[PDB]
Each structure stands twice: as structure tokens, then as C-alpha cells.
There are 2 protein chains.
Amino acid sequence: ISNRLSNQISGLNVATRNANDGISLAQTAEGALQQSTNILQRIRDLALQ
Amino acid sequence: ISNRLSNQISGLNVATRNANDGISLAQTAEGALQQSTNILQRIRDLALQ
């Protein structure tokens, strides 16, 4: 049973870390998009200008 | 009767020793397998990685 538990536990610690790197990925993507939106905000600013 | 008893006794002392060496055999086998399990634990660690 314990061998199955250690299987589960340390496997899920790695999977936690894979998830955390994923969180960071989506974070960087989000930043890029925020700034795409600043541009597009400017594009309406310029279209109206 | 005693000759049969000495037959039994010293024969069974040898058989005891054969059994003890067997205990050691299965012990060494067990150690090898323990460490196979450490590897396989790592293999799930790496598959999840």
C-alpha cells in the first residue's frame, strides 16, 4: 500500500510543479495580451483622431 | 532408538543451516527488488515530468 502511496505522492509533487510552470506560462501570455490591449486602445484613439 | 534420534537431530541441524542460507538468499533478492522499486518510482516521476 505504501509503495502505491509513495507512487501517488511524489508523482503528484512533480505534477504540481508542472502545473506551476503552466501557471507562469499563462501569466506571461496574459501580460503580452494586456499590452496588445493597450495598443488596440491606442488604435481606436488613432482611428477617432 | 538413539541412533535414529542422532540421525534426526544432526540431520535437522544441517537442514536448519541450509534454511538459514536460504533466508539470506531471499533477503538479498528482497534488497535488489526494493531498489528496483526506487527506480520504478523514479520512472513514474519521469513519465509525469
# chains A, B, ... in the order shown; residues from 1 in each chain; ligands from 1
>>> closest_atom_pairs(of="chain A", to="chain B", cutoff="9 Å", atoms="only C-alpha atoms", output="CSV")
residue,atom,partner,partner_atom,distance
A:3,CA,B:37,CA,8.2
A:6,CA,B:41,CA,7.7
A:7,CA,B:41,CA,5.9
A:10,CA,B:45,CA,6.9
A:11,CA,B:45,CA,5.2
A:12,CA,B:48,CA,8.4
A:13,CA,B:45,CA,8.9
A:14,CA,B:49,CA,6.3
A:15,CA,B:48,CA,6.4
A:17,CA,B:49,CA,8.8
A:18,CA,B:49,CA,7.1
>>> write_last_selection(atoms="N, CA and C atoms", output="tab-separated table (two decimals), in the first residue's frame")
chain	number	residue	atom	x	y	z
A	3	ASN	N	3.91	1.62	-1.02
A	3	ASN	CA	4.58	1.80	-2.29
A	3	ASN	C	3.64	2.48	-3.27
A	6	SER	N	3.57	6.24	-1.99
A	6	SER	CA	4.74	6.99	-2.42
A	6	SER	C	4.70	7.25	-3.91
A	7	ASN	N	4.26	6.24	-4.68
A	7	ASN	CA	3.95	6.42	-6.09
A	7	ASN	C	3.09	7.66	-6.30
A	10	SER	N	4.83	11.39	-4.68
A	10	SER	CA	5.91	12.09	-5.35
A	10	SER	C	5.56	12.35	-6.80
A	11	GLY	N	4.77	11.46	-7.41
A	11	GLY	CA	4.26	11.77	-8.73
A	11	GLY	C	3.46	13.06	-8.75
A	12	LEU	N	2.62	13.25	-7.73
A	12	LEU	CA	1.78	14.43	-7.70
A	12	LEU	C	2.55	15.68	-7.32
A	13	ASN	N	3.68	15.53	-6.64
A	13	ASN	CA	4.53	16.69	-6.42
A	13	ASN	C	5.12	17.17	-7.74
A	14	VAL	N	5.59	16.24	-8.57
A	14	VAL	CA	6.08	16.64	-9.88
A	14	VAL	C	4.96	17.29	-10.68
A	15	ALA	N	3.78	16.69	-10.65
A	15	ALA	CA	2.67	17.23	-11.41
A	15	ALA	C	2.28	18.61	-10.91
A	17	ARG	N	4.43	20.74	-9.85
A	17	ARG	CA	5.42	21.65	-10.39
A	17	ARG	C	5.18	21.92	-11.86
A	18	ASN	N	4.81	20.89	-12.61
A	18	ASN	CA	4.42	21.08	-13.99
A	18	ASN	C	3.27	22.08	-14.08
>>> calpha_fit_and_write(fixed="chain A", moving="chain B", output="mmCIF file with N, CA and C atoms, in the first residue's frame")
data_model
loop_
_atom_site.group_PDB
_atom_site.id
_atom_site.type_symbol
_atom_site.label_atom_id
_atom_site.label_comp_id
_atom_site.auth_asym_id
_atom_site.auth_seq_id
_atom_site.Cartn_x
_atom_site.Cartn_y
_atom_site.Cartn_z
ATOM 1 N N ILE B 1 0.838 -1.193 0.000
ATOM 2 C CA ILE B 1 0.000 0.000 0.000
ATOM 3 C C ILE B 1 0.869 1.237 0.000
ATOM 4 N N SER B 2 1.886 1.249 0.848
ATOM 5 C CA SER B 2 2.742 2.420 0.936
ATOM 6 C C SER B 2 3.468 2.673 -0.356
ATOM 7 N N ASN B 3 3.915 1.615 -1.016
ATOM 8 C CA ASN B 3 4.577 1.799 -2.292
ATOM 9 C C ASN B 3 3.639 2.477 -3.271
ATOM 10 N N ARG B 4 2.355 2.137 -3.213
ATOM 11 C CA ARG B 4 1.386 2.865 -4.017
ATOM 12 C C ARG B 4 1.218 4.296 -3.523
ATOM 13 N N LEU B 5 1.344 4.515 -2.220
ATOM 14 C CA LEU B 5 1.184 5.872 -1.728
ATOM 15 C C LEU B 5 2.352 6.741 -2.153
ATOM 16 N N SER B 6 3.570 6.242 -1.991
ATOM 17 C CA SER B 6 4.743 6.991 -2.415
ATOM 18 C C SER B 6 4.701 7.249 -3.913
ATOM 19 N N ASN B 7 4.263 6.240 -4.675
ATOM 20 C CA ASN B 7 3.951 6.423 -6.086
ATOM 21 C C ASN B 7 3.094 7.656 -6.295
ATOM 22 N N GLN B 8 1.930 7.674 -5.651
ATOM 23 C CA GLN B 8 0.998 8.779 -5.800
ATOM 24 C C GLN B 8 1.641 10.091 -5.380
ATOM 25 N N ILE B 9 2.208 10.130 -4.176
ATOM 26 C CA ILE B 9 2.648 11.390 -3.586
ATOM 27 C C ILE B 9 3.692 12.054 -4.467
ATOM 28 N N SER B 10 4.827 11.387 -4.678
ATOM 29 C CA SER B 10 5.911 12.087 -5.351
ATOM 30 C C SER B 10 5.564 12.350 -6.804
ATOM 31 N N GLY B 11 4.770 11.464 -7.411
ATOM 32 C CA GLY B 11 4.255 11.767 -8.733
ATOM 33 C C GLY B 11 3.461 13.059 -8.746
ATOM 34 N N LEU B 12 2.623 13.252 -7.734
ATOM 35 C CA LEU B 12 1.776 14.430 -7.703
ATOM 36 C C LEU B 12 2.547 15.678 -7.320
ATOM 37 N N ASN B 13 3.679 15.531 -6.637
ATOM 38 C CA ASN B 13 4.534 16.690 -6.423
ATOM 39 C C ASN B 13 5.117 17.170 -7.740
ATOM 40 N N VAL B 14 5.589 16.239 -8.571
ATOM 41 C CA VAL B 14 6.082 16.639 -9.884
ATOM 42 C C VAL B 14 4.965 17.289 -10.680
ATOM 43 N N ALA B 15 3.781 16.686 -10.650
ATOM 44 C CA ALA B 15 2.668 17.230 -11.413
ATOM 45 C C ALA B 15 2.281 18.610 -10.907
ATOM 46 N N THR B 16 2.411 18.830 -9.601
ATOM 47 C CA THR B 16 2.215 20.161 -9.052
ATOM 48 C C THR B 16 3.169 21.143 -9.699
ATOM 49 N N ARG B 17 4.427 20.742 -9.848
ATOM 50 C CA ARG B 17 5.422 21.649 -10.394
ATOM 51 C C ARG B 17 5.182 21.924 -11.861
ATOM 52 N N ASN B 18 4.814 20.892 -12.606
ATOM 53 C CA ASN B 18 4.424 21.085 -13.989
ATOM 54 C C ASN B 18 3.273 22.077 -14.083
ATOM 55 N N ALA B 19 2.324 21.980 -13.153
ATOM 56 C CA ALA B 19 1.214 22.919 -13.138
ATOM 57 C C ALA B 19 1.696 24.328 -12.840
ATOM 58 N N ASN B 20 2.633 24.471 -11.903
ATOM 59 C CA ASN B 20 3.122 25.799 -11.545
ATOM 60 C C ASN B 20 3.819 26.466 -12.719
ATOM 61 N N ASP B 21 4.646 25.711 -13.440
ATOM 62 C CA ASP B 21 5.251 26.263 -14.644
ATOM 63 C C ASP B 21 4.181 26.642 -15.655
ATOM 64 N N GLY B 22 3.102 25.865 -15.716
ATOM 65 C CA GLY B 22 1.996 26.235 -16.575
ATOM 66 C C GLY B 22 1.347 27.538 -16.156
ATOM 67 N N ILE B 23 1.161 27.722 -14.848
ATOM 68 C CA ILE B 23 0.643 28.983 -14.328
ATOM 69 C C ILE B 23 1.504 30.127 -14.829
ATOM 70 N N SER B 24 2.816 29.951 -14.769
ATOM 71 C CA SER B 24 3.699 31.015 -15.218
ATOM 72 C C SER B 24 3.554 31.263 -16.705
ATOM 73 N N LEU B 25 3.443 30.189 -17.483
ATOM 74 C CA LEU B 25 3.238 30.323 -18.916
ATOM 75 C C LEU B 25 2.033 31.198 -19.202
ATOM 76 N N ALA B 26 0.880 30.806 -18.668
ATOM 77 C CA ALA B 26 -0.338 31.567 -18.891
ATOM 78 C C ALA B 26 -0.220 32.984 -18.355
ATOM 79 N N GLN B 27 0.588 33.181 -17.317
ATOM 80 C CA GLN B 27 0.820 34.526 -16.820
ATOM 81 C C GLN B 27 1.528 35.377 -17.869
ATOM 82 N N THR B 28 2.635 34.872 -18.420
ATOM 83 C CA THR B 28 3.369 35.630 -19.431
ATOM 84 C C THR B 28 2.500 35.920 -20.641
ATOM 85 N N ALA B 29 1.726 34.925 -21.068
ATOM 86 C CA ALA B 29 0.761 35.141 -22.136
ATOM 87 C C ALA B 29 -0.185 36.275 -21.790
ATOM 88 N N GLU B 30 -0.673 36.284 -20.552
ATOM 89 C CA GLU B 30 -1.594 37.324 -20.135
ATOM 90 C C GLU B 30 -0.955 38.694 -20.258
ATOM 91 N N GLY B 31 0.284 38.838 -19.786
ATOM 92 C CA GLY B 31 0.974 40.114 -19.920
ATOM 93 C C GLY B 31 1.052 40.586 -21.359
ATOM 94 N N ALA B 32 1.448 39.680 -22.260
ATOM 95 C CA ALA B 32 1.509 40.018 -23.676
ATOM 96 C C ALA B 32 0.167 40.528 -24.172
ATOM 97 N N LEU B 33 -0.914 39.882 -23.751
ATOM 98 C CA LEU B 33 -2.221 40.310 -24.217
ATOM 99 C C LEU B 33 -2.645 41.639 -23.622
ATOM 100 N N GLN B 34 -2.374 41.872 -22.330
ATOM 101 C CA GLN B 34 -2.625 43.176 -21.717
ATOM 102 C C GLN B 34 -2.094 44.284 -22.593
ATOM 103 N N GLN B 35 -0.896 44.078 -23.103
ATOM 104 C CA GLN B 35 -0.241 45.131 -23.841
ATOM 105 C C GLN B 35 -0.725 45.193 -25.276
ATOM 106 N N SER B 36 -1.145 44.055 -25.829
ATOM 107 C CA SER B 36 -1.918 44.101 -27.058
ATOM 108 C C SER B 36 -3.133 44.993 -26.879
ATOM 109 N N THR B 37 -3.759 44.941 -25.702
ATOM 110 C CA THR B 37 -4.947 45.746 -25.470
ATOM 111 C C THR B 37 -4.608 47.213 -25.319
ATOM 112 N N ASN B 38 -3.455 47.528 -24.742
ATOM 113 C CA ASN B 38 -3.044 48.926 -24.723
ATOM 114 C C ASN B 38 -2.881 49.451 -26.132
ATOM 115 N N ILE B 39 -2.285 48.644 -27.007
ATOM 116 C CA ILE B 39 -2.157 49.066 -28.391
ATOM 117 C C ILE B 39 -3.532 49.285 -28.992
ATOM 118 N N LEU B 40 -4.409 48.292 -28.884
ATOM 119 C CA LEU B 40 -5.703 48.390 -29.551
ATOM 120 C C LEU B 40 -6.516 49.555 -29.011
ATOM 121 N N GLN B 41 -6.394 49.820 -27.712
ATOM 122 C CA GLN B 41 -6.901 51.058 -27.146
ATOM 123 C C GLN B 41 -6.356 52.248 -27.919
ATOM 124 N N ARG B 42 -5.056 52.232 -28.203
ATOM 125 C CA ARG B 42 -4.485 53.317 -28.986
ATOM 126 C C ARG B 42 -5.004 53.297 -30.414
ATOM 127 N N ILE B 43 -5.358 52.129 -30.939
ATOM 128 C CA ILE B 43 -5.802 52.089 -32.326
ATOM 129 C C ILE B 43 -7.163 52.747 -32.458
ATOM 130 N N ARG B 44 -8.042 52.574 -31.473
ATOM 131 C CA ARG B 44 -9.278 53.344 -31.527
ATOM 132 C C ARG B 44 -8.983 54.819 -31.314
ATOM 133 N N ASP B 45 -8.031 55.121 -30.432
ATOM 134 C CA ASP B 45 -7.617 56.504 -30.223
ATOM 135 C C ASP B 45 -7.185 57.148 -31.537
ATOM 136 N N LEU B 46 -6.512 56.374 -32.385
ATOM 137 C CA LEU B 46 -5.981 56.903 -33.630
ATOM 138 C C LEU B 46 -7.028 56.900 -34.726
ATOM 139 N N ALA B 47 -7.911 55.909 -34.715
ATOM 140 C CA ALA B 47 -8.987 55.886 -35.693
ATOM 141 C C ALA B 47 -9.914 57.070 -35.486
ATOM 142 N N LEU B 48 -10.189 57.398 -34.229
ATOM 143 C CA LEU B 48 -11.010 58.556 -33.924
ATOM 144 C C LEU B 48 -10.267 59.845 -34.211
ATOM 145 N N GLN B 49 -8.972 59.877 -33.903
ATOM 146 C CA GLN B 49 -8.155 61.006 -34.317
ATOM 147 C C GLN B 49 -8.191 61.171 -35.824
#
